Structure formats: structure tokens, C-alpha cells
Amino acid sequence: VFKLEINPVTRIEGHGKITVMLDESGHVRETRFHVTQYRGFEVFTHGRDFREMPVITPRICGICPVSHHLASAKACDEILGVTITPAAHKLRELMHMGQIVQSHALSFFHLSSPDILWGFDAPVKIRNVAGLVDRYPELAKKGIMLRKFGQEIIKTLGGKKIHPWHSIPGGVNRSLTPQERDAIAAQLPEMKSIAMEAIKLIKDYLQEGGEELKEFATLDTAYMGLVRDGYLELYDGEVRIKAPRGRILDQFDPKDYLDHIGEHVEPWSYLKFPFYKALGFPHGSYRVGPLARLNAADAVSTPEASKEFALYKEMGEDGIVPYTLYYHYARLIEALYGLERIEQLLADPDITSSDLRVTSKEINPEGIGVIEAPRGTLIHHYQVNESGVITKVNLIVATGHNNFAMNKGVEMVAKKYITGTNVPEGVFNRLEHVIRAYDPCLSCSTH
Amino acid sequence: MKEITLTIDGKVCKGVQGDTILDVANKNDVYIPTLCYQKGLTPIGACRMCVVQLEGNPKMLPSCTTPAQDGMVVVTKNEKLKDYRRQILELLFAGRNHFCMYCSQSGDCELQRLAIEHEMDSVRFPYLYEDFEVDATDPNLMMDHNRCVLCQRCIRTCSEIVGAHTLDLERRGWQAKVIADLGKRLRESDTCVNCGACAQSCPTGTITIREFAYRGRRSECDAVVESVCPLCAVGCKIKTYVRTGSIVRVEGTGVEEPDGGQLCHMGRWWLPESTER
Amino acid sequence: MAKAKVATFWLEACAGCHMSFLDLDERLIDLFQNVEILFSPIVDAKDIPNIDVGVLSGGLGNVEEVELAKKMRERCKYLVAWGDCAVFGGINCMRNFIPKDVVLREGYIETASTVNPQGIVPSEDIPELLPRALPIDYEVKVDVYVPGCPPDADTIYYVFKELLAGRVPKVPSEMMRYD
Amino acid sequence: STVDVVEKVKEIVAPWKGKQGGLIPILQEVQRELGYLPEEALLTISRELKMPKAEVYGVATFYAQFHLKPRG
Ligand code: SF4
Ligand code: SF4
Ligand code: SF4
Ligand code: SF4
Ligand code: SF4
Ligand code: FCO
Ligand code: FES
Ligand code: 3NI
């Protein structure tokens, strides 16, 4: 007859609200996860020039502004019909790797580590980064330093840490110099050591409470990712959706997304529900993010991340791990990959190059930019006129894809741990950790 | 005499009997806030930011239009003047819609610099949210009227310096607007030569050259070199701005010569477009 | 036992200002030894306690943010506005030229990739968008303004050290930026 | 007809060519004989007096007596 509301969900980005509806006998029958913010970036961007979009769109989120920057840059690039210099490609990929590193470090160390180290039943006042630096100071400063590495890469490339500006329509504005290149390269060993320490921590956490942590909000769905020929790619590539059992279903090209993805609207959330169109809703809904990426990708291109990708693949069947709480693990793998990817970019003598712009005089009516933000796939779609004025905007961001998975996981833990009324603050914390495993950027979702 | 002397900020300054106070101030080094003043154009008197008062006389005089007369003491900085100038800036911000986050001139705008120098951190006024037209019909120049101070330096540059009298003021009052010929968009106007003298004269980010947006900020350049435009025989003096091995902005030095700094479409479009070939 | 009671939140922000708070990397560790952080987007407190310094980010777009700003105002003595979204209104005010109905409709019905032949707009269990997005100096009384998008880490740290030393600071003109 | 107003305002600007002033009386008399100032009238006034279109539109929209659209 009554309701439980955890709003506002804490230690996540954005404004969320979990609502469980209990029946007369005191049992869970329905549970929802509402996103309670909206600004209208798809609407108030009309009439602006397209070259203005790589600066407006980063204001969607401050955890992943580089992702929106790069997607807008790609969309304007396809509006100009330019194919960017190899150097600009590498610098954009370096900035994307910095963003991946910083976002995963933030989402593991500052937002979810208390529930990994102290458990879901720790006191409330100590379950935060303050209590963490109080009791586990080395780990807190390690995560802080990793995020510093990522954001200082973003700063040396794009002037600022939050909302940087590096990517113009046509290419890239700045290049690295030998001094700052070596200054970045000399910092990679301790960052790899921090990533391996975190991987150790999460692996022991998952093996300790082994199987109960495998049923925590686990639901078999499809997995979407970006892939090169067969490899995990975060900047370019094709979109690949894998059925819940390994079979590849509709691997396509990013610009052909209106033929494959559709968004269903529900009255209780400003967040939409994207789904594969050929299977409808809510059957075509899939997962995005580190877990879905490592499930859809077949191999990786860096040694020490492959040595752990193998151990990750031998955790589930068919090269597929459906467990929600393994997201953390997968996330760290990506961070590791990111670091190693930087070590391949800094070693290329076209990072300190000078040919970075491909300027053209041509305005095409459509431009689509699809990249791999840390939490999943990010699609920008701009439609302009012949004057270069924005006529239509369409965004589909990462956490939005994971909305159905979050709802189902929250409902599962709701009618698994809620016994009746008088619910302690250890059952609500699990109702929030099922959301925190996906680490949602609720500002990205409701752009 | 043709040789007068004043005292601005206690500092004794020299000048000629024909000039204004702002000219005597700029002649030595002395600083006075200005937004509608442009070297090479007849003083207008619109922003009222150059206000200045003398000892004894409680009136406030616009330093850019009032002549200099030997024996007068000039005060540029005090509590009253700071308050009035901050109120003018807050009016300008609350009237129009200034979004510095994505402005192309968000680091080299005269209004923004005047607001930061006066420590503006609130507007104190109800923020009239009016709908102003953004004209991006011309592929090269953009006019975003959300950022207009109505200094008229664009209407004075296309009239006395260029001759292509394409710009003027529409309906009077608060509904004042800078229009093209007969209220048309810039692309429909036939009396435009696409010289960009208006973009160089605009102090805010209303008129903007589109293809070099966010790159042609004079504040984030690497070097400034002055040379001559090779394309034609006139040989206009330029002020090339270089950023990462690329020309991002070409501005016309020579606001004292009869050309007035207006360069042709070639001089300020092809030259920065040439460095990216 | 002599710790302050800083409590922060975001109303209609993009998390950018709180992420610029979080990049005070070593300054964060040496600040936590001088500040205990009650209700905040990075702690698990659900309701605002009685505090000393209250920090708000973002503007006012929903009917929930207004009440939350009023709560943070009543519960503190020194309020700090973070970012242009709270000080000037910021990018949210880009939707104050289109009616709320048109915003919601063209964002949930008219966009491509959207499939709802019913014509549903999100209108249940969630707060309703205000007719206009406004700064926080419309419903509360701000003490310290920190403009930017987002403010630099040095500015946030300066304001913190000044407020925890006992003086109400004003952002100096050599470090003020509207971005 | 849009062709009638051309010559009809030609005959109103005739007594004013090369007289250094008198533009608001021209507009006043085109308002008296048409009730409003159409775009064709303003274009022809600009072409006859060789005064820029921006100037004539600025002075036509400065005063409340004039009207740029047909009045009720
Ligand atoms: S014109 Fe100047 S004050 Fe106005 S938004 Fe642009 S940078 Fe800010
Ligand atoms: S481009 Fe030249 S002619 Fe056209 S409005 Fe600007 S200054 Fe006048
Ligand atoms: S467009 Fe620029 S120069 Fe012209 S009136 Fe407006 S602010 Fe002044
Ligand atoms: S700017 Fe134009 S007019 Fe001047 S010298 Fe160069 S080509 Fe000739
Ligand atoms: S001012 Fe900028 S960084 Fe701060 S909340 Fe608003 S959009 Fe985000
Ligand atoms: N992560 C993230 Fe933001 C989201 N979702 C992007 O891109
Ligand atoms: S600058 Fe002196 S009045 Fe405009
Ligand atoms: Ni995000």
C-alpha cells in the first residue's frame, strides 16, 4: 500500500531516485529508477552554427566532457566532408584515453570503493572518500594520482581540465612537445601499478564472496560495443551487438544507427530507453559499458591488458560475463588498456607533428559522430542547412542504454533483500550499488 | 597656445587645445574605460563608461567627447565612478543574453574584460530573457544580436570607412537593432562587399568571422607580426596573428590612414585560409 | 572536534563544478583534515544537517531544486555559489527562449530515434521543469559568488581557506573568469 | 499594384531630387497616399535619392507614425 524512496541516490553523478512500491503484505511488487533532471540540449541548440557545438555539448557533463567534445568534432568533420590527418587522429585518441583513465579512476575510487572495501553494511558517516583517506590513505592518494594523470593529459592537450577545447572541425588545435611528452611518459609505471593494485583488490573482493556476488542484479541481455577488425577500439570502429550467448547480432557502421536503434519513452523518467529495433521493447534492450565492451570485443591490442583480458574471459561462458558487479573489474581493465594505449601513442613521432588541420569549404546536411565514452556508446547526430546553421540535433548517450539493466537489477535486489518494512540502511545501499556498478552519468543521459 | 596641460589621476599630462580628455589620457599612457570608442572613428558617446569628474564640479563628463582645457583636474577612479560603471555593465548583461561559456570572443571581448576589471560577480537586475535573432545566413559572417552593446561602431565602419552603407539602426528605444538593407538578413543584402571591417570594429562577439571561430582569439596567440597584403597593389598594412603555425586572424593596421584598416575579402579571408593548404 | 561543516550540492549542473572541486588532489587530502563533509553529492547523507558553509552549484530548473536550495539556505550561515549556472544562470538559460512545453515535446516526441506514437512526455513521479531556468540568487541569498564554467581549483581552494579562516571573500579580479 | 507604387512615388520624389534634405516629408507623403510604407516604396525612394537602404529603413522605423505593414 505504501512506498520507499531512496532519493536522492548518492555517490552517483546526476539526480536519481529509486522508488520501491510495497504491497499490503510487505513485499516488493514494483521498483523504478527515475532520473529527475532535464535541460534540453537537443532543443536549445537550434539556430547555432555547427562550429559552436564542440563547445556547447561538453556542458552536458563534467565527468566526460572530452567524449562530447570528440563526438561533436567528428560530427562537424562529417559536415565538412574532411578526413582528418593521422596526427589529429592520434591526438584525439590520446585525449580520449586521458578521459577514460580519469573517469574510471573517479568511478572506482571516489564513488564505489567504500562499498568494495567496507561492505554494504558500513556506517554512513565513514562510507565516503573522506573516511577512505582517513583509514586507507595510500589507496585514496593512489586513485587521486591516477585521476591527476588523466586530467593533466587533458589539460596539456586542451588547456583546461573540465570542458577543454582541442578539436576543431577539420582536425586538432595543438600538439605535444618533447618535454611534456617525456613528462607524461615518465609517469606511466606508477599508474600501471595503481591499476594493477585496484585489479587485485577487486578480484579478491569478488572471489571472497564468490557466488552470491554473481547473482547480484544479474540479467542476461545483449552487449553493444565498438570494434575494429576484431579488436577493442574506443575512438573509431563499428558498432557490434552480441546476443546474450556470444553470437554477433547486427554489427553495423555508426552512421547507420537510425535503422537499428530506437528510443522508447516512459512517463516516470526523463531518461529514454534505447533498444535494437528489430527486437522491439523491452526485448531489444542491451548493455553498454566496460563489461559489454569486453564481451563484444574479441581481443585487445596491448600486452598487459591482454594478459588480464584472458583471465576476464575465463570467468564466463562463450567469452561473455553477464555479472553486473564484475563491471568494476572490466572497468579497471579498460583503465589499464588506456594507460598502455598512451604508451603506444607517445612513442609515435607524429604526436609532436605539425600537420593537424584539413580545412575545407563544403557543408553537408548531415553529420554523425559515434565514439566510446567510458560508460558506453555516445552518438551525436547533427542536421544543418546550407548556411551551416543547426536545424536538428539528436543525442544518444551511454548510461541511457543501461537504463533497463539498472531498472531490472534494482527490482531484483529489491525483491531479494527487502524482507518487509523496517528496512535498515544496508538494503538501501544495495539498491544504490546496483546503480553504482554501471556508474551512471545522469547528466549525460538526460542531456 | 595649441599646447595645454592637464592633471589626470594626479599625473600631469601634455596635449593640444583641440583634443578631448580621452585623447590626452591615451597620449601619455593613462587608462580610461572605453567600449564605444574606436581610434579612426568620430567619438560617438553611447556606453557612457568613459565618465570622469573634475574637482569641485560634481557633474560627470564623457572623457571621449569633452574637450581638454588647461588647468582642469581629472579624476578617473573613485567610489562613485566604480559604482556607476559597474551598474552600466550589469545593465548591459541583464538586458541582453551573454553566454560567455560558448562565445567565440570569450577571452578577447571588451565588455567581458570591463566586467572582470570591475569585479562583476552578479547582475543585480531581473535578467530580461528576450529573444534576439541570430543571423548565420551569410556563410562567412555571423551576427548574434544576443551580444549587442549597441555601440554602433559597425554602423560607423560600414558608412565612413567602407562606404557600403549596409548597416543601420532599426526601431528606436529598447527595441534598437542593427539591420542589413531593409531589415533583410546579411545574405540577402546586395550592398555588402564581405570586407569584415564590421567584425574588426565590433568590441563584443556579435559580428564574428565564422570559419576561424574559437581559434582567432588575440588572447591565445603565439606571435603578432605586421606585414603587407601581397594580393593587390593597394598594399594594406596588416597585423597577422599566428597560433600553432597558422594564421588565425588578419587585422588592418592603419586606422590613421584613409583606408581605415578595412581590408578586402581576400586580405582577411584568403591569407588565413592559405596557411591551412 | 573543531572541524567545519561544509555541505555541497548541485541543482541543475553538469557535475563540472564538483569535479573541479575534486581535482584539488593533494589539497583535498590536506583539506579533509580541516573540513568534515556532511550532506554532499559524494557522501551518503540523505538530508541536510545544520552546517557552517553551504555550497550550491547549478541553476534552478525544476521544482525540486528550488526547495533544495531553500533547505541549504536555511541550514547554513555562509552560502557559496559555484559556477556561472548558479551565479549568472549559465547554459541552462539557453532554454529560456523556448516555452517549456515546446522543449519537452520536441525533446521527447520530435527527436529522431524516438518511438512513441502515443505522444508521452515524462510527467509523473519526477519534478516539473520551471518555466525559466534562473540563477540561485532568485530564491536564496548568496554570500560568496564564484563565477566560471567551471571555476578553477585554485579559486575554490582560496574561497575555502578564506571562509574557514573567518572572513567572507570576494574572488579577486586577477583570478575571476567567466570562461 | 507593386508597379503602380513605383511611378507613383517617383512623382513624389521628383520635387525633392538634389535638394539636400526632405526625406521624412517624402515618407510622410507616401504614408498619406498609401496608409503604409511598403518595401517597394522604400527601395524606389533609396534608388531615386541615391540614399542607402539602411538609412531609409532606419528613419522609417524610427518614428511611430510610419508603418511598414498594411494597417487595419
Ligand atoms: S560578447 Fe563578450 S560578454 Fe558577451 S557572451 Fe561573448 S564574451 Fe561574454
Ligand atoms: S562585411 Fe564589410 S560591407 Fe558587409 S556589413 Fe561588414 S563592413 Fe559592411
Ligand atoms: S554589432 Fe558590435 S559594433 Fe555593432 S552595435 Fe552591436 S556591439 Fe556595437
Ligand atoms: S587587403 Fe585587399 S585591398 Fe588591401 S592590399 Fe590586400 S588585396 Fe589589396
Ligand atoms: S557553470 Fe559550467 S561547469 Fe558549472 S555547472 Fe554550469 S555547465 Fe557545469
Ligand atoms: N560515461 C559517460 Fe558520459 C555518459 N554516459 C559520455 O560519453
Ligand atoms: S566611451 Fe566615452 S562615452 Fe562611449
Ligand atoms: Ni557523463
# chains A, B, ... in the order shown; residues from 1 in each chain; ligands from 1
$ residues_near_ligand --ligand "ligand 2" --cutoff "10 Å" --atoms "only C-alpha atoms and all ligand atoms" --output "number ranges by chain"
B: 138, 140-141, 143, 154-159, 161-168, 179-181, 186-187, 189-202, 207-209, 262-265
$ closest_atom_pairs --of "chain C" --to "chain B" --cutoff "12 Å" --atoms "only C-alpha atoms" --output "tab-separated table"
residue	atom	partner	partner_atom	distance
C:81	CA	B:121	CA	10.2
C:82	CA	B:121	CA	11.1
C:83	CA	B:121	CA	10.4
C:84	CA	B:101	CA	8.5
C:85	CA	B:101	CA	10.1
C:86	CA	B:122	CA	10.2
C:87	CA	B:122	CA	6.5
C:88	CA	B:122	CA	6.8
C:89	CA	B:99	CA	9.2
C:90	CA	B:99	CA	6.8
C:91	CA	B:99	CA	7.0
C:92	CA	B:99	CA	10.1
C:93	CA	B:129	CA	8.3
C:94	CA	B:99	CA	8.4
C:95	CA	B:129	CA	9.9
C:96	CA	B:129	CA	6.5
C:97	CA	B:131	CA	5.8
C:98	CA	B:131	CA	8.9
C:99	CA	B:131	CA	11.6
C:131	CA	B:129	CA	11.6
C:132	CA	B:129	CA	8.8
C:133	CA	B:129	CA	10.1
C:134	CA	B:127	CA	8.8
C:135	CA	B:127	CA	9.8
C:136	CA	B:122	CA	11.0
C:137	CA	B:122	CA	8.8
C:138	CA	B:126	CA	8.7
C:141	CA	B:122	CA	12.0
C:142	CA	B:122	CA	10.1
C:143	CA	B:122	CA	11.2
C:144	CA	B:121	CA	9.1
C:145	CA	B:121	CA	6.2
C:146	CA	B:121	CA	7.4
C:147	CA	B:121	CA	6.5
C:148	CA	B:101	CA	8.2
C:149	CA	B:101	CA	6.5
C:150	CA	B:101	CA	9.3
C:151	CA	B:101	CA	11.6
C:170	CA	B:119	CA	8.6
C:171	CA	B:119	CA	7.9
C:172	CA	B:119	CA	7.3
C:173	CA	B:119	CA	5.7
C:174	CA	B:117	CA	8.3
C:175	CA	B:116	CA	9.3
C:176	CA	B:116	CA	6.7
C:177	CA	B:116	CA	7.3
C:178	CA	B:100	CA	6.0
C:179	CA	B:101	CA	5.1
$ interface_residues --of "chain A" --to "chain B" --cutoff "10 Å" --atoms "only C-alpha atoms" --output "number ranges by chain"
A: 47-57, 59, 163, 165, 168-169, 173-175, 354-361, 363, 385-390
$ interface_residues --of "chain C" --to "chain A" --cutoff "6 Å" --atoms "only C-alpha atoms" --output "VMD selection string"
chain C and resid 14 to 16 25 41 to 44 94 to 95 113 to 115 122 to 126
$ interface_residues --of "chain D" --to "chain B" --cutoff "6 Å" --atoms "only C-alpha atoms" --output "number ranges by chain"
D: 53-54, 57-58, 61-62
$ write_last_selection --atoms "N, CA and C atoms" --output "PDB file, in the first residue's frame"
ATOM      1  N   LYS D  53      19.739  52.067 -48.439  1.00  0.00           N
ATOM      2  CA  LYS D  53      18.522  51.426 -47.954  1.00  0.00           C
ATOM      3  C   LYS D  53      18.511  51.341 -46.434  1.00  0.00           C
ATOM      4  N   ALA D  54      19.685  51.158 -45.827  1.00  0.00           N
ATOM      5  CA  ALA D  54      19.767  51.113 -44.374  1.00  0.00           C
ATOM      6  C   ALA D  54      19.297  52.422 -43.756  1.00  0.00           C
ATOM      7  N   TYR D  57      15.379  52.773 -44.188  1.00  0.00           N
ATOM      8  CA  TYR D  57      14.672  51.868 -43.286  1.00  0.00           C
ATOM      9  C   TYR D  57      14.863  52.268 -41.828  1.00  0.00           C
ATOM     10  N   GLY D  58      16.023  52.827 -41.478  1.00  0.00           N
ATOM     11  CA  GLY D  58      16.224  53.283 -40.116  1.00  0.00           C
ATOM     12  C   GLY D  58      15.356  54.473 -39.763  1.00  0.00           C
ATOM     13  N   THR D  61      11.542  53.342 -39.584  1.00  0.00           N
ATOM     14  CA  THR D  61      11.179  52.598 -38.388  1.00  0.00           C
ATOM     15  C   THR D  61      11.524  53.339 -37.105  1.00  0.00           C
ATOM     16  N   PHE D  62      12.068  54.549 -37.208  1.00  0.00           N
ATOM     17  CA  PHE D  62      12.363  55.350 -36.029  1.00  0.00           C
ATOM     18  C   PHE D  62      11.114  56.001 -35.452  1.00  0.00           C
TER      19      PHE D  62
END
$ residues_near_ligand --ligand "ligand 4" --cutoff "6 Å" --atoms "only C-alpha atoms and all ligand atoms" --output "list in words"
residues 229, 230, 231, 232, 233, 234, 235, 236, 263, 264, 266 and 267 of chain B
$ closest_residue --among "D:65, D:4, D:16, D:25" --to "residue 41 of chain D" --atoms "only C-alpha atoms"
D:4
$ residues_around --residues "residue 319 of chain A" --least-positions-apart "4" --cutoff "9 Å" --atoms "only C-alpha atoms" --output "CSV table (one decimal) with N, CA and C atoms, in the first residue's frame"
chain,number,residue,atom,x,y,z
A,245,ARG,N,24.5,-14.9,-25.6
A,245,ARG,CA,25.2,-16.2,-25.6
A,245,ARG,C,26.4,-16.2,-26.5
A,246,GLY,N,26.8,-15.1,-27.1
A,246,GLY,CA,28.0,-14.9,-27.8
A,246,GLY,C,27.9,-14.6,-29.3
A,294,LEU,N,34.1,-5.4,-23.2
A,294,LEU,CA,35.0,-6.6,-23.2
A,294,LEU,C,34.3,-7.9,-23.6
A,295,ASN,N,32.9,-7.9,-23.5
A,295,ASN,CA,32.2,-9.1,-24.0
A,295,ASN,C,32.0,-9.0,-25.5
A,296,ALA,N,31.9,-7.8,-26.1
A,296,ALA,CA,31.7,-7.7,-27.6
A,296,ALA,C,33.0,-7.8,-28.3
A,298,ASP,N,36.7,-9.0,-29.3
A,298,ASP,CA,37.3,-10.3,-29.4
A,298,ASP,C,38.7,-10.4,-28.8
A,312,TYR,N,39.8,-12.4,-17.6
A,312,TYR,CA,38.4,-12.0,-17.6
A,312,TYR,C,37.5,-12.9,-18.4
A,313,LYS,N,38.0,-13.2,-19.6
A,313,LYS,CA,37.2,-14.1,-20.5
A,313,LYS,C,36.9,-15.5,-19.9
A,314,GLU,N,37.9,-16.0,-19.2
A,314,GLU,CA,37.7,-17.3,-18.5
A,314,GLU,C,37.0,-17.1,-17.1
A,315,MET,N,36.0,-16.3,-17.1
A,315,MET,CA,35.1,-16.1,-15.9
A,315,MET,C,33.7,-16.5,-16.3
$ closest_residue --among "A:66, A:433, A:309, A:226" --to "ligand 8" --atoms "only C-alpha atoms and all ligand atoms"
A:66
$ residues_around --residues "residue 42 of chain D" --least-positions-apart "6" --cutoff "10 Å" --atoms "only C-alpha atoms" --output "JSON, numbers by chain"
{"B": [182], "D": [6, 9, 27, 30, 48, 53, 56, 57, 60, 68]}
$ closest_residue --among "A:376, A:237, A:150, A:189" --to "ligand 6" --atoms "only C-alpha atoms and all ligand atoms"
A:376
$ residues_around --residues "residue 92 of chain A" --least-positions-apart "5" --cutoff "12 Å" --atoms "only C-alpha atoms" --output "NGL selection string"
:A and (66-71 or 73-74 or 84-87 or 97-99 or 153-154 or 157-158 or 164-168 or 170-176 or 234-236 or 342 or 345 or 351 or 356 or 371)
$ select_by_dssp --residues "chain D" --states "helix (DSSP H, G or I)" --output "NGL selection string"
:D and (2-16 or 24-32 or 39-49 or 53-60)
$ residues_around --residues "residue 366 of chain A" --least-positions-apart "5" --cutoff "8 Å" --atoms "only C-alpha atoms" --output "VMD selection string"
chain A and resid 78 to 79 381 to 384
$ select_by_dssp --residues "segment 56-97 of chain B" --states "strand (DSSP E or B)" --output "PDB file with N, CA and C atoms, in the first residue's frame"
ATOM      1  N   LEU B  61      31.477  63.919 -16.842  1.00  0.00           N
ATOM      2  CA  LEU B  61      31.695  64.274 -18.229  1.00  0.00           C
ATOM      3  C   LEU B  61      32.284  63.103 -19.005  1.00  0.00           C
ATOM      4  N   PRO B  62      31.771  62.820 -20.199  1.00  0.00           N
ATOM      5  CA  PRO B  62      32.339  61.753 -21.033  1.00  0.00           C
ATOM      6  C   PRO B  62      33.696  62.161 -21.583  1.00  0.00           C
ATOM      7  N   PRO B  67      36.158  68.338 -24.633  1.00  0.00           N
ATOM      8  CA  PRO B  67      37.494  68.842 -24.962  1.00  0.00           C
ATOM      9  C   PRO B  67      38.320  69.123 -23.717  1.00  0.00           C
ATOM     10  N   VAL B  73      41.543  69.544 -13.315  1.00  0.00           N
ATOM     11  CA  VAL B  73      41.952  68.311 -12.656  1.00  0.00           C
ATOM     12  C   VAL B  73      40.951  67.219 -13.003  1.00  0.00           C
ATOM     13  N   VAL B  74      41.464  66.050 -13.370  1.00  0.00           N
ATOM     14  CA  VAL B  74      40.645  64.934 -13.826  1.00  0.00           C
ATOM     15  C   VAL B  74      40.790  63.780 -12.844  1.00  0.00           C
ATOM     16  N   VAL B  75      39.659  63.197 -12.450  1.00  0.00           N
ATOM     17  CA  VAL B  75      39.623  62.045 -11.552  1.00  0.00           C
ATOM     18  C   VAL B  75      38.945  60.904 -12.296  1.00  0.00           C
TER      19      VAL B  75
END
$ closest_atom_pairs --of "chain B" --to "ligand 7" --cutoff "8 Å" --atoms "only C-alpha atoms and all ligand atoms" --output "Markdown table"
| residue | atom | partner | partner_atom_place_in_ligand_line | distance |
| --- | --- | --- | --- | --- |
| B:22 | CA | ligand 7 | 2 (Fe) | 7.7 |
| B:33 | CA | ligand 7 | 1 (S) | 7.0 |
| B:34 | CA | ligand 7 | 1 (S) | 4.2 |
| B:35 | CA | ligand 7 | 1 (S) | 5.3 |
| B:36 | CA | ligand 7 | 4 (Fe) | 4.4 |
| B:37 | CA | ligand 7 | 1 (S) | 4.9 |
| B:43 | CA | ligand 7 | 2 (Fe) | 7.6 |
| B:44 | CA | ligand 7 | 4 (Fe) | 6.3 |
| B:45 | CA | ligand 7 | 3 (S) | 3.6 |
| B:46 | CA | ligand 7 | 4 (Fe) | 4.6 |
| B:47 | CA | ligand 7 | 4 (Fe) | 4.2 |
| B:48 | CA | ligand 7 | 3 (S) | 4.0 |
| B:49 | CA | ligand 7 | 1 (S) | 5.5 |
| B:50 | CA | ligand 7 | 2 (Fe) | 4.0 |
| B:51 | CA | ligand 7 | 2 (Fe) | 6.4 |
| B:62 | CA | ligand 7 | 2 (Fe) | 4.9 |
| B:63 | CA | ligand 7 | 2 (Fe) | 5.4 |
| B:64 | CA | ligand 7 | 2 (Fe) | 4.2 |
| B:65 | CA | ligand 7 | 2 (Fe) | 6.5 |
| B:151 | CA | ligand 7 | 4 (Fe) | 7.6 |
$ atom_distance --atom1 "atom CA of residue 46 of chain C" --atom2 "atom CA of residue 31 of chain C"
22.8 Å
$ residues_around --residues "residue 161 of chain C" --least-positions-apart "6" --cutoff "10 Å" --atoms "only C-alpha atoms" --output "PyMOL selection string"
chain C and resi 31+34+155+167+169
$ closest_residue --among "B:218, B:55, B:27, B:125" --to "residue 71 of chain B" --atoms "only C-alpha atoms"
B:55
$ closest_residue --among "A:434, A:406, A:335, A:117" --to "residue 96 of chain A" --atoms "only C-alpha atoms"
A:335
